[PDB]
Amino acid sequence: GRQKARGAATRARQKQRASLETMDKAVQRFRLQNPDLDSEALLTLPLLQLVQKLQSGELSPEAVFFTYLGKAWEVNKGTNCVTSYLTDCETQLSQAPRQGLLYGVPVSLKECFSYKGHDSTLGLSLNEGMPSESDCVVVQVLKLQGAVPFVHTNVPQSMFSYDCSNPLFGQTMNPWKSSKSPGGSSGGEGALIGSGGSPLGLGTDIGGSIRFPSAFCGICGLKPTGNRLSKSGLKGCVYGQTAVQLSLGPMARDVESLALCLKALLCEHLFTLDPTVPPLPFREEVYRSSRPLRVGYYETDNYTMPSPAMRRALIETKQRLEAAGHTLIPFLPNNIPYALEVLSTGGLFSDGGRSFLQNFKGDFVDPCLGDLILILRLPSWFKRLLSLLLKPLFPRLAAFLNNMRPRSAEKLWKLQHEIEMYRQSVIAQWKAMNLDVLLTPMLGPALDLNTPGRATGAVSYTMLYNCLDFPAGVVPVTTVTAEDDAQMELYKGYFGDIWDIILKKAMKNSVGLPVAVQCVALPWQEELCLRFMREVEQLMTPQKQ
């Protein structure tokens, strides 16, 4: 029976179509009244300058809103990144608090950021036609800071994916190349911000879901420490999994934009609306520091062989940092295989997938999820026998499979404790070399559509820091050259298993696509992390001031 799933799809498509139609009408009505508005001047302004002109009165909020609405609508045509037009938002426009740190700034939202009167489907049939009954906390704070949230953007079915397709709204494409994934689970945001259609957005990230789409689409993203920001009111599909913690964070065209966004969120409105978040205000002094940095670095995690473009990105950044006076120290977190295979996978799937799979009862399984659902459905004894068979030839596959089995509360306790010990073990490493920050590769360039679901190993660069729960952001530093792309033909991977084979093929045909590096700091050091991101932005892409 798929009648219910087909009904949901038909309806979701109707709403998305209607929303885009409403956007078109609003944009045309505005343009007829403002024939002389220099829209490209306004669209190309960096957020900081846009904000200052909104604040001075030089730009009206309406001019900014409708110009950006027009561009969002245009870029959606080739990306399918927008799922819904947040229908209140013009009335919010007219009432945006004037002294707010984000006054007059349109902000895009990953679909799971609950918004009153709108579904947060996550691409699942069961969530369709169940509108949210209030704004989640961070949407409330944005609004109290004068921001104007205006679209929900697309995500892969269930959000447990670094691709971006679902059976409801379909497939989001990379704005730089249609055959490529925008990444995700925050892929809508990546596609939208990456093509100029929103100056600022929020995403979420449990295995790389802010960082993948940022990297793949050539923009900036920060995954803070999990509890730096509020997850109150967020839509999700598994509840009470605390071993590997969700984080929510900003995505934007530059580092300053992420900094401003954090500064606006980390205010009294957030702290009182959600007392469970520690009231740590944005430390501007740490963000603005120009002190030389002790920067740890690795060019590979020995788990996912990096692409030629990834490796060159890393070495060139290393080199410009050295040239600017920073100390670059080789550093690799210990026991990565164990963090990924036992701690991260086990933490994410301690119950064998059963809670997660309830979401798919009755539903279609998007092709971009691959065989994940098929695998999770297998009984525990079969996952185990399969694991023992695969171990000698494909130890990685064997490891994930074994750790995706159900267990007792007793074993989850043991797992939670190991996560905590691992965390302190890397902190210890870090302190022993006296690092300030850590520079790593970031998976790049964008994989072809429907391949992230088949290259699970490639999450190693990002998931490590979900497991450690350290702040981690990504900055675009280069684009893939023909030379980089030709060298993929020599890429073999460290394991030679199906994940390596698919990644080889998936990263081909990527000339001109953006490639990032990743910046990490210790827990609660989001300001230092951003300070480091700002430095990399400056040295590698000087033109983004």
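Residue positions are given as counts along the sequence shown, with the first one as 1.
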For this session: Tell me which of 170-178 and 284-292 has the higher mean C-alpha B-factor in the deposited entry.
Result: 284-292
For this session: For the higher mean C-alpha B factor in the entry, choose 424-432 or 81-89.
Result: 81-89
Problem set entry | Given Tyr465, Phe212, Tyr239, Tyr298, the residue at which the Cα B factor reaches its maximum | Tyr239
Seminar exercise, completed: Among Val515, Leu490, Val27, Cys519, highest Cα B-factor in the entry goes to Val27
Exercise. Which third, lowest, middle or highest, does the CA B-factor of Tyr338 fall in along this chain?
Worked result: middle
Problem set entry | Third assignment of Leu101 from its chain's C-alpha B-factors | highest
Exercise. Looking at the C-alpha B-factor of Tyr494, is it in the lowest, middle or highest third of its chain?
Worked result: lowest
Seminar exercise, completed: So, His326's CA B-factor, relative to its chain, sits in which third? The highest
Exercise. Can you tell me which third, lowest, middle or highest, the CA B-factor of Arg11 falls into for its chain?
Worked result: highest
